[PDB]
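Colleague: Please read through the structure below; I'll follow up with questions.
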Amino acid sequence: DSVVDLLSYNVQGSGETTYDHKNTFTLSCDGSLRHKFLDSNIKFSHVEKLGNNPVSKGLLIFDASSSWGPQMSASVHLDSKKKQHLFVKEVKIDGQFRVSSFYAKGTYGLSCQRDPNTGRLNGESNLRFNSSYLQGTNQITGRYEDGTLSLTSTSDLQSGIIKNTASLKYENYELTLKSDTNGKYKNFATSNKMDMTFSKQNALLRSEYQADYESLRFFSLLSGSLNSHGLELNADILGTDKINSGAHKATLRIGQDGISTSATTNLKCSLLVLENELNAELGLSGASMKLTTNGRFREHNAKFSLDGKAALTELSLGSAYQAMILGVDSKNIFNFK
């Protein structure tokens, strides 16, 4: 208490906390701060029925008011009760925020219904957010039924410029996930759809995606299946445009019989075409390698390929190439064992 305003204020708060031996509990926390630039109102009530009827009530009362524009407030309403034997819970949370003109509001709503006799639960979630330059909203539905879960997610991002949806299912001790995301920005028609699967031993990988930018339709395919007996993976990716087309495929098998790799790259550019084939098998009969490459431009042809076998009994590598480039006869052979 002083003649000067800024030197005068109020600061106080009661943090009451008491448990009733009756198996009932109550928590009270009051916050009130009085100052010449800001005015804070804080009050939170928390009470728990620790005897019978396991009810839980939680309420927050908060309001702070700066005397120089900014105004803030948030409310929390926690409601959980055992309706006879149906456990009913509902939560309402809302945080509201402005400064002078900037806006920021996020409202959330959660609903949960459970039947423990049947081991079944119904979870429903609502999310919405708004601001001066940002819009956010998402919904989640969770269905659990006595060991069986069915969860689904739908997300809208910045007014839906990007759309994402995730589907998950876990039944019979085997997991399956599906996940999709798609772009709606500028010239990008990007769309990725991802699914994952799981068995007692096997996990399966399928991944698709298309970029589809301007005139370029680029595609990537990945297929990965695994087991106790090594991996089998194929990566297949295509980049095709108005004229040019990047086409390469790679196949890799990890088997107890040995390793078989097959990476192939074919490129065509108007009057130029390129073809590339490597073929290596790392088996038990000596490593086998086979190569092929014939780059074709206009009429001119270059024809190359190489055979190769490396066995303990014998090593065989025979190289050959021929071409008529600029009409110049050209041929080389290298055979040696």
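A quick note on method: Cβ atoms are made from the backbone with ideal geometry, for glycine too, and the neighbour counts reach across all protein chains shown. What follows is calculated from the coordinates using simple rules that are stated; it is not laboratory data.
Colleague: In terms of modelled amide H atoms, which long-range or inter-chain residues lie less than 5 Å from the amide H of residue 163?
Modeller: 182, 184
Colleague: What translational D, rounded to a whole number of µm²/s, comes out for the range 92-179 from Stokes-Einstein when the hydrodynamic radius is the Kirkwood one over Cα pairs, at 10 °C and 1.306 mPa s?
Modeller: Calculated translational D: 106 µm²/s.
Colleague: Ok, one more. Report the relative contact order of the chain, percent, no decimals, based on alpha-carbon pairs under 8 angstrom and at least 6 residues apart.
Modeller: Reported as a whole number, the value is 5 percent.
Colleague: Can you list the residues, at least 5 places off or on another chain, whose amide H is less than 5 Å from the amide H of residue 88, using H built in the peptide plane?
Modeller: Those lying under 5 Å, H to H, from residue 88 are 81, 82, 83.
Colleague: Same structure again: For the range 183-300, just run the numbers: alpha carbon Rg, then divide by 2.2 N^0.38 Å, N being how many residues it has.
Modeller: For the range 183-300, the normalised Cα radius of gyration comes out at 1.33.
Colleague: How do 314, 124 rank when sorted from fewest to most other Cβ atoms within 10 Å of their own Cβ?
Modeller: Going from least to most buried by this count: 314, 124.
Colleague: Follow-up. Which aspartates and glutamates does residue 242 reach when only Cα atoms under 13 Å apart count, and residues fewer than 8 places away in its own chain are ignored?
Modeller: Within the straight-line cut-off, residue 242 pairs with 212, 214.
Colleague: Apply the Karplus curve 6.51 cos²θ - 1.76 cosθ + 1.60, θ = phi - 60°, to the phi angles in the range 262-274 and return the couplings in whole Hz, x for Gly and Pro.
Modeller: Coupling constants for the range 262-274: 9, 10, 10, 10, 10, 10, 10, 9, 6, 8, 10, 10, 10 Hz.
Colleague: For the range 37-95, run through the chymotrypsin sites (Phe, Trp or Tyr not before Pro) and keep only the ones in DSSP coil with at most 16 other Cβ atoms within 10 Å of their Cβ.
Modeller: 37, 68
Colleague: Here's something else I'd like to know. For a test of understanding, tell me how many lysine pairs in the range 89-199 have Cα atoms under 15 Å apart, given they are 8 or more places apart or on different chains.
Modeller: Here the count comes out as 8.
Colleague: Separate question: With the Cα gyration tensor of the chain in hand, convert its eigenvalues to equivalent ellipsoid semi-axes via √(5λ) and list them largest first in whole Å.
Modeller: 68, 30, 18
Colleague: Moving on. Please list, in chain and number order, the residues 5+ apart from residue 131 or on another chain whose amide H is under 5 Å from its amide H, with Hs placed from the backbone.
Modeller: So residue 131 has HN proximity to 105.
Colleague: Output wanted: per-residue J couplings in Hz (rounded whole) for the range 92-98, from phi through Karplus 6.51 cos²θ - 1.76 cosθ + 1.60, θ = phi - 60°, x for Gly and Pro.
Modeller: Result, rounded to whole Hz: 10, 10, 8, x, 10, 9, 9.
Colleague: On to the next question. Got a sec to turn the phi values of the range 283-293 into Karplus ³J(HN,Hα) couplings, 6.51 cos²θ - 1.76 cosθ + 1.60 with θ = phi - 60°, whole Hz, x for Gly and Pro?
Modeller: 3J(HN,Hα) across the range 283-293, in whole Hz: x, 8, 9, x, 4, 10, 10, 9, 10, 8, 7.
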